[PDB]
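Asker: Have a look at this one before I ask anything.
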Amino acid sequence: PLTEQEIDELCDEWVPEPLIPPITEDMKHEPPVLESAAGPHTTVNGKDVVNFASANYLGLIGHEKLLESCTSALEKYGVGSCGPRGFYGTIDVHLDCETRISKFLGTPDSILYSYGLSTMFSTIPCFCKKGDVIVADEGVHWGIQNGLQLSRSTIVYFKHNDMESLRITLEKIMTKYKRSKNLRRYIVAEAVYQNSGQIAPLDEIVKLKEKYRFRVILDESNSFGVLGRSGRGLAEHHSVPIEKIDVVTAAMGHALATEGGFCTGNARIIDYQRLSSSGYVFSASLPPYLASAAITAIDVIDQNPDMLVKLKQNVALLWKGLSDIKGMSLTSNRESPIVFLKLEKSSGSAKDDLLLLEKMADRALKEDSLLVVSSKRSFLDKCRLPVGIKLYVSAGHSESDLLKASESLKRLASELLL
Amino acid sequence: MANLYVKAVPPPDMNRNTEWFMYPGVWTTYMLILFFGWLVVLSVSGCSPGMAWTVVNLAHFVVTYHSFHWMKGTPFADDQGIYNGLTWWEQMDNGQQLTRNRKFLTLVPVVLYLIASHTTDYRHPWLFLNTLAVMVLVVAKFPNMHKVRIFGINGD
Amino acid sequence: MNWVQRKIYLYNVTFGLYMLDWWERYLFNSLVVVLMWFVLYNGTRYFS
Amino acid sequence: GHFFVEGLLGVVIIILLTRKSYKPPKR
Amino acid sequence: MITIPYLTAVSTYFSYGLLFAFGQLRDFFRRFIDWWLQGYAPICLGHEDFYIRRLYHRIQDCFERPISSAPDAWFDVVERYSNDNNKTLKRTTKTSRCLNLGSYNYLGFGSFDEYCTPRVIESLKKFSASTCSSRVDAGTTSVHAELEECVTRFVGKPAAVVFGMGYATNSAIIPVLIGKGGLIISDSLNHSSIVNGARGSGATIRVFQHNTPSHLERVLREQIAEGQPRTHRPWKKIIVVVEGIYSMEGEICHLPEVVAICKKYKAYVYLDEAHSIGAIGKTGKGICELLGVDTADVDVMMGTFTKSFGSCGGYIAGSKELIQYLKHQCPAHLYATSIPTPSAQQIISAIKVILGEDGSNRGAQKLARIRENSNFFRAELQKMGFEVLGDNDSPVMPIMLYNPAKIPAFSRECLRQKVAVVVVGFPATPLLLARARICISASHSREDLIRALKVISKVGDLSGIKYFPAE
Ligand SMILES: CCCCCCCCCCCCC/C=C/[C@@H](O)[C@H](CO)NC(=O)CCCCCCCCCCCCCCCCCCCCCCC
């Protein structure tokens with residue numbers, strides 16, 4: 001056994017690694033500081049710019065009827081929640097919001113979460129344990145692929161939106177586990193993908209899962225309130241009962257101009273997540289004024305079903321203008337409001353293509369007043385989909401600002417990429 | 001009406017399933033529950049002490065074998081399911097063998113079998129049963145029979 | 001509450017009978033009243 | 001037949017009350 | 001660390017054995033009743049959530065109480081009914097008026113003051129709630145750039161980053177700092193966010209005795225000498241995670257005696273000022289000011305605005321090039337939506353009140369009033385024979401109960417007399433230690449505390465939770 005003096009040298013010859021790696025020169029670029037809200041026409045450095053980086057699809061930021069409902073609940077409850085939902089952090093507005101959402105979607109029960117991005121960390125690990133199987137999509141955003149790792153289970157991927165590569169994977173799963181029959185299986189998808197802008201086909205996914213006895217978990221935050229004909233979501237789009245989807249999560253920081261998330265579904269699955277979650281029983285609940293504005297925003301979506309048909313026109317007017325671009329190519333869908341533009345013919349390397357994209361998004365705003373978003377990947381993200389720039393079109397964009405974003409994007413790629 | 005305080009120190013463990021066994025009072029309650037049952041069976045149905053010590057030894061083998069060597073996992077979803085293939089006995093003491101608490105649980109079924117044999121003059125209608133208990137209950141608490149299953153019974 | 005009505009209440013919380021249901025509490029209370037009569041009678045007469 | 005069992009278990013009882021606690025083996 | 005009356009620790013195990021023996025008899029007589037769903041597997045096995053239907057369903061009216069008023073000194077509690085054989089509690093009208101003793105507003109900012117509400121409301125009609133974007137895209141308003149300077153002045157450190165969640169400030173930042181090949185010597189009693197944060201990476205986790213530095217050094221020596229578990233290679237990093245005030249124990253950390261140990265073995269310190277960032281300290285600057293410890297001895301400092309400043313959020317403070325790295329690689333900064341504008345305007349205007357920059361002098365009265373109330377309440381309970389934990393200054397004071405049947409008895413008899421408290425059971429805490437949590441704020445008057453004390457004293461006679469001697 002090592003003596004208590006031999007040990008004293010081993011603790012002296014040990015030298016640790018630095019806490020963080022050295023900061024370089026291309027690892028520091030401050031983003032724009034804007035004033036006067038963040039709608040279609042915002043304001044940066046005095047000059048008026050056109051916003052294309054904010055995810056409000058219905059144009060509810062700055063609505064007259066949302067401010068009047070936030071002020072009334074802000075002068076009554078305060079700005080804070082004070083405590084969790086399991087103690088004394090359950091105000092009535094929290095219950096009314098969950099009752100309104102479930103009536104909107106037509107579902108028995110609902111549950112609210114405090115943070116939009118944290119509604120998938122506690123929703124995936126709470127259903128799948130360390131012995132189950134999950135079939136992810138190999139193109140899911142960080143939020144979803146962190147909850148996949150928190151639940152120590154077996155994750156198998158398949159090709160992005162390839163229902164041919166899903167059947168192959170399901171077939172091989174239903175053979176390598178021919179013996180066991182206790183195993184719980186799940187299919188994790190996403191309605192409108194954030195990294196590619198493709199819309200998932202919920203026609204084959206709910207037809208292939210009804211033959212192998214799987215379970216679906218749809219993360220529809222980019223479709224809830226925009227994809228359907230009435231604004232119901234992906235289910236309405238592909239015309240399938242919203243009962244076939246076992247779990248439906250969404251984030252309200254998109255087409256609702258608020259913060260938070262929810263998880264809709266049957267009553268036996270909703271109440272089980274209440275007494276055994278992680279971000280629901282160990283975190284402060286939503287501030288009452290944020291949950292008192294979603295109730296108002298849902299009523300506006302119901303009373304006005306034309307600001308949806310006016311969103312399709314905007315995306316179809318910005319798709320016909322970018323049909324001439326040379327350097328890049330529209331790799332998104334056609335009905336989704338996330339016009340993607342992957343750069344055709346990779347110029348340099350992985351870190352060389354992310355530097356040429358971030359320099360083209362900086363010149364666009366510093367020359368002709370345009371906020372656009374480009375891919376930003378960390379070293380924790382395990383996504384391998386092609387990089388590009390995105391444009392979050394809205395229903396409040398005009399015809400002049402919708403054509404002024406295609407002109408400066410077509411002339412900025414021609415004199416750079418090519 | 002309150003004296004004799006003990007400053008129970010918190011151990012490592014990090015397993016809610018098997019960490020409650022280190023606090024003070026777990027032995028004095030294991031023996032108090034065995035004595036309380038004995039008296040409860042000697043009064044509800046008038047019998048002899050020997051026939052009461054045999055029923056307390058047979059009922060203690062059915063409640064301990066199904067709790068210590070049958071149910072695997074933990075009843076808490078907090079830890080996902082890390083211990084999904086380990087009987088409570090295998091979880092106890094983070095794998096450590098022949099500890100201070102593992103020696104007491106292995107010496108309780110043996111000492112409870114010597115009292116159910118020397119108070120019934122052995123015989124043969126009850127010596128069989130009381131011999132199947134200890135045999136099957138002590139063999140499972142061996143240091144070699146760790147994570148081993150007989151003929152693949154309850155092991156995958 | 002008088003003295004016995006408070007001691008009966010204190011007996012319930014300490015031994016966990018306050019949580020049980022109407023039949024569970026009556027099934028254990030009745031089994032302890034029988035063990036208190038079998039000790040008094042026997043114990044104080046089967047020895048002395 | 002009544003003393004050969006009580007006389008043997010006392011020997012076995014002393015055997016495990018003196019063993020040393022050890023870690024499980026490694027991989 | 002917790003003196004337990006021996007005789008009360010024998011009736012606790014006997015009461016849990018009665019709830020386990022009566023819970024396994026109703027499960028075997030219910031498995032045979034399923035002979036009188038479509039092809040899928042049960043969302044949970046019967047033996048999984050055994051303590052959620054055989055222990056938590058018996059006392060479910062002590063949790064999730066809805067209220068219809070601001071979290072003030074006094075609030076309204078909604079009364080619910082059982083309806084269908086005690087299975088789904090549904091709410092009615094007919095609220096009550098109880099004495100709030102289970103919230104968190106320490107300085108009393110979570111209500112309506114004459115300096116914050118007016119400013120917060122005026123900034124919500126100019127930026128309009130959320131901004132629907134990230135902080136690296138379109139989510140940096142003028143109010144987000146001015147709120148990161150106020151937190152840098154308060155805390156003391158050269159830089160700070162603010163997030164939108166206090167639970168996601170630990171699950172998305174620990175994976176960035178340490179990974180596979182590093183060690184984390186955590187304290188026993190840390191929040192679940194820290195644990196989930198350490199399980200999000202490939203780092204190994206160890207645990208040293210709660211709040212005793214003589215065991216931390218003995219754990220560090222073995223780990224540094226021994227090396228990595230299988231292949232005896234040396235660790236590349238070591239991080240030590242502690243907490244300012246350990247809630248549910250009311251304990252102030254031994255920070256000077258933990259800093260000097262980590263400073264000799266070249267480890268890194270990680271502070272957690274969740275409960276002690278506006279409560280303790282002569283100016284509300286935290287435990288680094290109360291205990292008098294250099295602020296450059298700690299590498300990372302995490303906190304939360306939910307309990308003292310009355311607004312959701314979190315922050316991290318450190319050196320100028322730690323923040324530059326986090327802003328460029330942290331996943332909660334690149335993908336998550338920015339903190340709402342009126343939630344950030346209520347932190348700036350609350351910090352300007354504590355520092356005395358609001359013109360008035362009512363920022364020191366809170367800090368003075370919160371020191372008296374917590375000292376007078378904790379000194380009045382010890383003289384009555386209760387078992388209260390805490391040191392002298394922490395505003396958290398748990399009362400030990402030790403019996404699973406005293407949880408509903410203590411909560412339901414205090415609510416009947418219009419005092420609202422919080423109780424914690426077995427699945428949450430250890431089997432033997434169940435307790436009640438008392439939160440004292442700077443908005444409670446002395447009369448309210450006297451009334452509450454004369455009720456807690458009367459209810460402790462019935463349950464007999466006065467484990468010690470009186471006077
Ligand atoms: C009516 C009076 C008593 C009647 C019987 C009550 C005794 C039954 C105790 C069973 C102990 C269970 C040990 C492990 C069980 C695991 O399987 C499960 C699921 O994995 N873990 C858990 O539930 C988490 C552990 C917490 C369980 C709390 C129960 C402990 C309460 C009493 C502990 C100390 C007293 C008994 C110690 C062991 C006694 C063994 C049974 C005695 C035989 C009784 C037959 C006469």
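So you can find residues: chains in the structure tokens are A, B, ... in the order shown, residues in each start at 1, and ligands are numbered from 1 in order.
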Which residues are near residue 8 of chain C? Cut-off 12 Å, only C-alpha atoms, ignore same chain within fewer than 5 positions. Put them as a compact mmCIF listing (two decimals) with C-alpha atoms, in the first residue's frame.

Answerer:
# COMPACT_ATOMS: atom_id res chain seq x y z
CA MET C 1 -60.63 17.64 23.35
CA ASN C 2 -60.23 16.01 26.77
CA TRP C 3 -57.21 14.00 27.94
CA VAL C 13 -49.94 10.12 14.21
CA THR C 14 -46.94 8.37 15.77
CA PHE C 15 -47.80 4.90 14.43
CA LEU C 17 -52.79 5.13 11.41
CA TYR C 18 -53.82 8.71 10.61
CA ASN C 29 -56.89 -1.52 15.77
CA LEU E 462 -51.05 17.89 19.71
CA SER E 463 -48.57 16.19 17.37

Asker: Name the residues in contact with segment 357-361 of chain A at a cut-off of 9 Å, using only C-alpha atoms, excluding same-chain residues fewer than 3 positions from it; report them as a PyMOL selection string.

Answerer: chain A and resi 343+352-354+364-366+370-376+387-389+412-413+416

Asker: With N, CA, C and O atoms retained, could you export that selection as a CSV table (one decimal), in the first residue's frame?

Answerer:
chain,number,residue,atom,x,y,z
A,343,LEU,N,-25.6,26.6,-49.3
A,343,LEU,CA,-24.7,27.1,-50.3
A,343,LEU,C,-24.2,25.9,-51.2
A,343,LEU,O,-23.5,25.1,-50.8
A,352,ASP,N,-14.5,26.7,-42.4
A,352,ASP,CA,-14.3,27.7,-43.5
A,352,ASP,C,-15.6,28.1,-44.2
A,352,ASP,O,-15.6,29.1,-44.8
A,353,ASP,N,-16.6,27.2,-44.0
A,353,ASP,CA,-17.9,27.5,-44.6
A,353,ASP,C,-18.8,28.2,-43.7
A,353,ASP,O,-19.7,28.9,-44.1
A,354,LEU,N,-18.4,28.1,-42.4
A,354,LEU,CA,-19.2,28.8,-41.4
A,354,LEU,C,-18.7,30.2,-41.1
A,354,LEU,O,-19.3,31.0,-40.4
A,364,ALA,N,-24.9,42.1,-45.2
A,364,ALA,CA,-26.3,42.4,-45.6
A,364,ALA,C,-27.0,43.4,-44.7
A,364,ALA,O,-27.9,44.2,-45.2
A,365,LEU,N,-26.6,43.5,-43.4
A,365,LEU,CA,-27.2,44.4,-42.5
A,365,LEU,C,-26.5,45.7,-42.4
A,365,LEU,O,-27.0,46.8,-42.1
A,366,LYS,N,-25.2,45.7,-42.7
A,366,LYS,CA,-24.3,46.9,-42.7
A,366,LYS,C,-24.3,47.6,-44.0
A,366,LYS,O,-23.6,48.6,-44.1
A,370,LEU,N,-30.7,44.6,-43.3
A,370,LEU,CA,-31.4,43.4,-43.4
A,370,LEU,C,-30.8,42.5,-42.3
A,370,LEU,O,-29.6,42.2,-42.2
A,371,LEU,N,-31.7,42.0,-41.4
A,371,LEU,CA,-31.4,41.1,-40.3
A,371,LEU,C,-31.7,39.7,-40.9
A,371,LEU,O,-32.9,39.4,-41.1
A,372,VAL,N,-30.7,38.8,-41.1
A,372,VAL,CA,-30.9,37.4,-41.4
A,372,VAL,C,-30.1,36.6,-40.4
A,372,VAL,O,-29.2,37.1,-39.8
A,373,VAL,N,-30.5,35.3,-40.3
A,373,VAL,CA,-29.9,34.4,-39.4
A,373,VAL,C,-29.2,33.3,-40.1
A,373,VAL,O,-29.6,32.9,-41.2
A,374,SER,N,-28.0,33.0,-39.7
A,374,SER,CA,-27.1,32.0,-40.2
A,374,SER,C,-26.9,30.9,-39.2
A,374,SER,O,-27.0,31.1,-38.0
A,375,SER,N,-26.5,29.7,-39.7
A,375,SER,CA,-26.3,28.6,-38.8
A,375,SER,C,-25.2,28.8,-37.9
A,375,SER,O,-24.2,29.4,-38.2
A,376,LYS,N,-25.4,28.5,-36.6
A,376,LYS,CA,-24.4,28.6,-35.5
A,376,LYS,C,-24.4,27.3,-34.8
A,376,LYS,O,-25.4,27.0,-34.0
A,387,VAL,N,-25.0,23.5,-43.8
A,387,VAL,CA,-25.2,24.9,-43.2
A,387,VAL,C,-25.7,25.8,-44.3
A,387,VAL,O,-25.7,25.6,-45.5
A,388,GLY,N,-26.3,26.9,-43.8
A,388,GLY,CA,-26.9,27.9,-44.7
A,388,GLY,C,-27.4,29.1,-43.8
A,388,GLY,O,-27.2,29.2,-42.6
A,389,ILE,N,-28.1,30.0,-44.5
A,389,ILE,CA,-28.8,31.1,-43.9
A,389,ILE,C,-30.3,30.9,-44.0
A,389,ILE,O,-30.8,30.3,-45.0
A,412,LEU,N,-25.8,39.6,-53.4
A,412,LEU,CA,-24.7,39.4,-52.4
A,412,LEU,C,-24.0,38.1,-52.5
A,412,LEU,O,-22.9,37.9,-52.1
A,413,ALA,N,-24.7,37.1,-53.1
A,413,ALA,CA,-24.2,35.8,-53.3
A,413,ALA,C,-23.4,35.7,-54.6
A,413,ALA,O,-22.4,35.0,-54.7
A,416,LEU,N,-19.7,37.0,-54.5
A,416,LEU,CA,-19.0,36.4,-53.4
A,416,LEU,C,-18.7,34.9,-53.6
A,416,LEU,O,-17.6,34.4,-53.8

Asker: Which residues are near ligand 1 - at most 8 Å, using only C-alpha atoms and all ligand atoms? Format: as an MDAnalysis selection string.

Answerer: (chainID B and resid 16:18 20:21 26:27 29:30 33:34 37:38 56:57 59:61 63:64 66:68 70:75 87:88) or (chainID E and resid 13:18 20:22 47 50:51 431)

Asker: Can you list, as a list in words, all residues belonging to chain D that DSSP tags as alpha helix (DSSP H)?

Answerer: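 Selecting the alpha helix (DSSP H) positions of chain D gives residues 3, 4, 5, 6, 7, 8, 9, 10, 11, 12, 13, 14, 15 and 16 of chain D.
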
Asker: Between atom CA of residue 215 of chain A and atom CA of residue 113 of chain A, what is the distance, to one decimal in Å?

Answerer: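 So the two atoms, atom CA of residue 215 of chain A and atom CA of residue 113 of chain A, lie 22.3 Å apart.
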
Asker: Can I get the residues of chain B within 10 Å of chain C, each with the closest pair of atoms and their distance in Å to one decimal, using only C-alpha atoms, sorted chain first then ascending number, as a Markdown table?

Answerer:
| residue | atom | partner | partner_atom | distance |
| --- | --- | --- | --- | --- |
| B:36 | CA | C:35 | CA | 9.7 |
| B:39 | CA | C:35 | CA | 7.3 |
| B:40 | CA | C:35 | CA | 6.3 |
| B:41 | CA | C:35 | CA | 9.2 |
| B:42 | CA | C:35 | CA | 8.8 |
| B:43 | CA | C:38 | CA | 6.0 |
| B:44 | CA | C:34 | CA | 7.1 |
| B:46 | CA | C:38 | CA | 9.8 |

Asker: Could the residues in this selection be saved with N, CA, C and O atoms as a PDB file, in the first residue's frame?

Answerer:
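Once everything was written out, this is again_20.pdb:
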ATOM      1  N   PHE B  36     -43.181  -9.024  17.502  1.00  0.00           N
ATOM      2  CA  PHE B  36     -44.558  -8.552  17.468  1.00  0.00           C
ATOM      3  C   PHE B  36     -45.441  -9.519  16.692  1.00  0.00           C
ATOM      4  O   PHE B  36     -46.600  -9.729  17.044  1.00  0.00           O
ATOM      5  N   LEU B  39     -46.174 -12.872  18.755  1.00  0.00           N
ATOM      6  CA  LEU B  39     -47.231 -12.696  19.740  1.00  0.00           C
ATOM      7  C   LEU B  39     -48.596 -12.505  19.091  1.00  0.00           C
ATOM      8  O   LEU B  39     -49.619 -12.827  19.683  1.00  0.00           O
ATOM      9  N   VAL B  40     -48.607 -11.974  17.873  1.00  0.00           N
ATOM     10  CA  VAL B  40     -49.857 -11.738  17.162  1.00  0.00           C
ATOM     11  C   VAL B  40     -50.450 -13.020  16.590  1.00  0.00           C
ATOM     12  O   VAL B  40     -51.645 -13.087  16.315  1.00  0.00           O
ATOM     13  N   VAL B  41     -49.613 -14.035  16.411  1.00  0.00           N
ATOM     14  CA  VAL B  41     -50.073 -15.307  15.871  1.00  0.00           C
ATOM     15  C   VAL B  41     -50.398 -16.285  16.993  1.00  0.00           C
ATOM     16  O   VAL B  41     -51.099 -17.273  16.786  1.00  0.00           O
ATOM     17  N   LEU B  42     -49.885 -15.999  18.182  1.00  0.00           N
ATOM     18  CA  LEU B  42     -50.107 -16.846  19.344  1.00  0.00           C
ATOM     19  C   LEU B  42     -51.396 -16.477  20.055  1.00  0.00           C
ATOM     20  O   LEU B  42     -51.860 -17.208  20.925  1.00  0.00           O
ATOM     21  N   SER B  43     -51.976 -15.342  19.682  1.00  0.00           N
ATOM     22  CA  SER B  43     -53.199 -14.877  20.325  1.00  0.00           C
ATOM     23  C   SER B  43     -54.440 -14.934  19.443  1.00  0.00           C
ATOM     24  O   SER B  43     -55.518 -15.273  19.921  1.00  0.00           O
ATOM     25  N   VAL B  44     -54.303 -14.598  18.166  1.00  0.00           N
ATOM     26  CA  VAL B  44     -55.468 -14.620  17.289  1.00  0.00           C
ATOM     27  C   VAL B  44     -55.962 -16.047  17.082  1.00  0.00           C
ATOM     28  O   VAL B  44     -57.168 -16.280  16.941  1.00  0.00           O
ATOM     29  N   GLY B  46     -55.311 -19.646  18.988  1.00  0.00           N
ATOM     30  CA  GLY B  46     -54.671 -20.338  20.089  1.00  0.00           C
ATOM     31  C   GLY B  46     -53.860 -21.546  19.670  1.00  0.00           C
ATOM     32  O   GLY B  46     -54.406 -22.523  19.152  1.00  0.00           O
TER      33      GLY B  46
END

Asker: Write out as a ChimeraX atom specification the residues lying within 9 Å of residue 104 of chain B, counting only C-alpha atoms and excluding same-chain residues fewer than 4 positions away.

Answerer: /B:27,99-100,108 /D:17

Asker: Next, write the just-selected residues to a file, as an mmCIF file, in the first residue's frame, keeping C-alpha atoms as the atom set.

Answerer:
data_model
loop_
_atom_site.group_PDB
_atom_site.id
_atom_site.type_symbol
_atom_site.label_atom_id
_atom_site.label_comp_id
_atom_site.auth_asym_id
_atom_site.auth_seq_id
_atom_site.Cartn_x
_atom_site.Cartn_y
_atom_site.Cartn_z
ATOM 1 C CA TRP B 27 -31.757 -3.633 13.859
ATOM 2 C CA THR B 99 -19.922 -5.779 5.282
ATOM 3 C CA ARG B 100 -21.293 -4.989 8.731
ATOM 4 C CA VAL B 108 -30.902 -13.522 10.978
ATOM 5 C CA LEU D 17 -18.574 -13.173 11.520
#

Asker: Residues of chain C within 10 Å of chain E, counting only C-alpha atoms - could you list those as a list in words?

Answerer: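 Residues satisfying the distance criterion: residues 6, 7, 9, 10, 11, 12, 13, 14, 15, 16, 17, 18, 19, 20, 21, 24 and 28 of chain C.
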
Asker: For chain E, which residues have at least one atom within 12 Å of chain D, if we go by only C-alpha atoms? Write them as a PDB file with N, CA, C and O atoms, in the first residue's frame, please.

Answerer:
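This went into out11.pdb:
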ATOM      1  N   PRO E 229     -10.677   5.507 -13.357  1.00  0.00           N
ATOM      2  CA  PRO E 229     -11.092   4.217 -12.782  1.00  0.00           C
ATOM      3  C   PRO E 229     -10.403   2.986 -13.350  1.00  0.00           C
ATOM      4  O   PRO E 229      -9.786   2.227 -12.598  1.00  0.00           O
ATOM      5  N   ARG E 230     -10.566   2.736 -14.644  1.00  0.00           N
ATOM      6  CA  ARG E 230      -9.984   1.545 -15.260  1.00  0.00           C
ATOM      7  C   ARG E 230      -8.523   1.713 -15.640  1.00  0.00           C
ATOM      8  O   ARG E 230      -7.648   1.055 -15.092  1.00  0.00           O
ATOM      9  N   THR E 231      -8.272   2.587 -16.601  1.00  0.00           N
ATOM     10  CA  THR E 231      -6.916   2.854 -17.068  1.00  0.00           C
ATOM     11  C   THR E 231      -6.352   3.966 -16.202  1.00  0.00           C
ATOM     12  O   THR E 231      -6.787   5.114 -16.273  1.00  0.00           O
TER      13      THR E 231
END

Asker: Counting only C-alpha atoms, which residues from chain A have an atom at most 12 Å from any atom of chain B, and could you show them as a list in words?

Answerer: residues 122, 124, 125, 126, 127, 128, 129, 130, 131, 132, 147, 149, 150, 151, 152, 153, 179, 180, 181, 182, 183, 272, 273, 275, 276, 277, 278 and 281 of chain A

Asker: Deliver the residues from the most recent selection as a file, using N, CA, C and O atoms, as a tab-separated table (two decimals), in the first residue's frame.

Answerer:
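Contents of again_22.tsv, freshly written:
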chain	number	residue	atom	x	y	z
A	122	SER	N	-37.25	17.30	-20.16
A	122	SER	CA	-38.06	16.61	-19.15
A	122	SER	C	-39.22	15.82	-19.73
A	122	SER	O	-39.94	15.15	-19.00
A	124	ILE	N	-38.77	13.76	-22.61
A	124	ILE	CA	-38.25	12.54	-23.22
A	124	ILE	C	-37.67	11.59	-22.19
A	124	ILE	O	-37.92	10.40	-22.25
A	125	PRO	N	-36.90	12.12	-21.24
A	125	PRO	CA	-36.31	11.26	-20.20
A	125	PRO	C	-37.34	10.74	-19.21
A	125	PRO	O	-37.07	9.77	-18.51
A	126	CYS	N	-38.50	11.37	-19.18
A	126	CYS	CA	-39.56	10.99	-18.26
A	126	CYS	C	-40.43	9.86	-18.80
A	126	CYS	O	-41.21	9.27	-18.06
A	127	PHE	N	-40.29	9.55	-20.08
A	127	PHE	CA	-41.08	8.48	-20.68
A	127	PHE	C	-40.26	7.24	-20.99
A	127	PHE	O	-40.73	6.12	-20.86
A	128	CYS	N	-39.01	7.45	-21.41
A	128	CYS	CA	-38.13	6.34	-21.75
A	128	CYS	C	-37.03	6.15	-20.72
A	128	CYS	O	-36.34	7.09	-20.37
A	129	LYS	N	-36.88	4.92	-20.24
A	129	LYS	CA	-35.86	4.61	-19.25
A	129	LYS	C	-34.61	4.05	-19.91
A	129	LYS	O	-34.42	4.21	-21.11
A	130	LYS	N	-33.78	3.36	-19.14
A	130	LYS	CA	-32.53	2.82	-19.66
A	130	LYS	C	-32.60	1.52	-20.44
A	130	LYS	O	-31.58	1.03	-20.91
A	131	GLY	N	-33.79	0.95	-20.59
A	131	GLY	CA	-33.91	-0.29	-21.33
A	131	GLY	C	-34.77	-0.25	-22.57
A	131	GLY	O	-34.96	-1.27	-23.22
A	132	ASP	N	-35.29	0.92	-22.90
A	132	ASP	CA	-36.17	1.07	-24.06
A	132	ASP	C	-35.42	1.46	-25.32
A	132	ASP	O	-34.23	1.71	-25.29
A	147	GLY	N	-32.28	15.53	-24.41
A	147	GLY	CA	-33.17	14.65	-23.69
A	147	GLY	C	-33.01	13.22	-24.14
A	147	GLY	O	-33.33	12.29	-23.39
A	149	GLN	N	-30.08	11.91	-24.65
A	149	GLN	CA	-28.94	11.46	-23.88
A	149	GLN	C	-29.24	11.38	-22.39
A	149	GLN	O	-28.69	10.52	-21.70
A	150	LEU	N	-30.10	12.26	-21.87
A	150	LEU	CA	-30.44	12.20	-20.46
A	150	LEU	C	-31.13	10.89	-20.10
A	150	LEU	O	-30.88	10.32	-19.04
A	151	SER	N	-32.01	10.40	-20.97
A	151	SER	CA	-32.65	9.09	-20.80
A	151	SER	C	-31.71	8.02	-21.35
A	151	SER	O	-31.59	7.82	-22.56
A	152	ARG	N	-31.01	7.36	-20.44
A	152	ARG	CA	-30.03	6.36	-20.82
A	152	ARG	C	-30.64	5.18	-21.56
A	152	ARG	O	-30.67	4.08	-21.03
A	153	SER	N	-31.11	5.39	-22.78
A	153	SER	CA	-31.70	4.29	-23.52
A	153	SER	C	-30.93	4.13	-24.83
A	153	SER	O	-29.88	4.75	-25.04
A	179	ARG	N	-37.19	-11.79	-29.04
A	179	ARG	CA	-37.46	-12.46	-27.78
A	179	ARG	C	-38.28	-11.60	-26.82
A	179	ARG	O	-39.42	-11.93	-26.49
A	180	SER	N	-37.69	-10.50	-26.36
A	180	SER	CA	-38.35	-9.59	-25.43
A	180	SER	C	-39.65	-9.01	-25.99
A	180	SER	O	-39.76	-8.77	-27.19
A	181	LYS	N	-40.62	-8.78	-25.11
A	181	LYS	CA	-41.90	-8.21	-25.50
A	181	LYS	C	-42.38	-7.18	-24.49
A	181	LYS	O	-43.50	-6.68	-24.58
A	182	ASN	N	-41.52	-6.88	-23.53
A	182	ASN	CA	-41.79	-5.88	-22.50
A	182	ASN	C	-41.29	-4.53	-23.00
A	182	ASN	O	-41.79	-3.48	-22.61
A	183	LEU	N	-40.28	-4.58	-23.87
A	183	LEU	CA	-39.65	-3.41	-24.46
A	183	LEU	C	-40.62	-2.35	-24.93
A	183	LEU	O	-41.62	-2.65	-25.59
A	272	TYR	N	-49.21	11.76	-15.17
A	272	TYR	CA	-48.07	10.96	-14.75
A	272	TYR	C	-46.79	11.77	-14.85
A	272	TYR	O	-45.80	11.47	-14.21
A	273	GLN	N	-46.83	12.81	-15.68
A	273	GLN	CA	-45.67	13.67	-15.87
A	273	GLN	C	-45.66	14.79	-14.84
A	273	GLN	O	-44.66	15.50	-14.67
A	275	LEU	N	-46.30	14.36	-11.43
A	275	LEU	CA	-45.68	13.92	-10.19
A	275	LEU	C	-44.34	13.22	-10.37
A	275	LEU	O	-43.83	12.63	-9.43
A	276	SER	N	-43.76	13.29	-11.56
A	276	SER	CA	-42.49	12.63	-11.79
A	276	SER	C	-41.64	13.21	-12.91
A	276	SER	O	-40.97	12.47	-13.63
A	277	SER	N	-41.65	14.53	-13.07
A	277	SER	CA	-40.86	15.15	-14.12
A	277	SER	C	-39.49	15.58	-13.59
A	277	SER	O	-38.90	14.89	-12.76
A	278	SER	N	-38.99	16.71	-14.08
A	278	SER	CA	-37.70	17.20	-13.64
A	278	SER	C	-37.62	18.71	-13.72
A	278	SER	O	-37.05	19.36	-12.86
A	281	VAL	N	-41.15	19.91	-11.46
A	281	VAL	CA	-41.18	19.77	-10.01
A	281	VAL	C	-39.92	20.29	-9.33
A	281	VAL	O	-39.75	20.13	-8.13
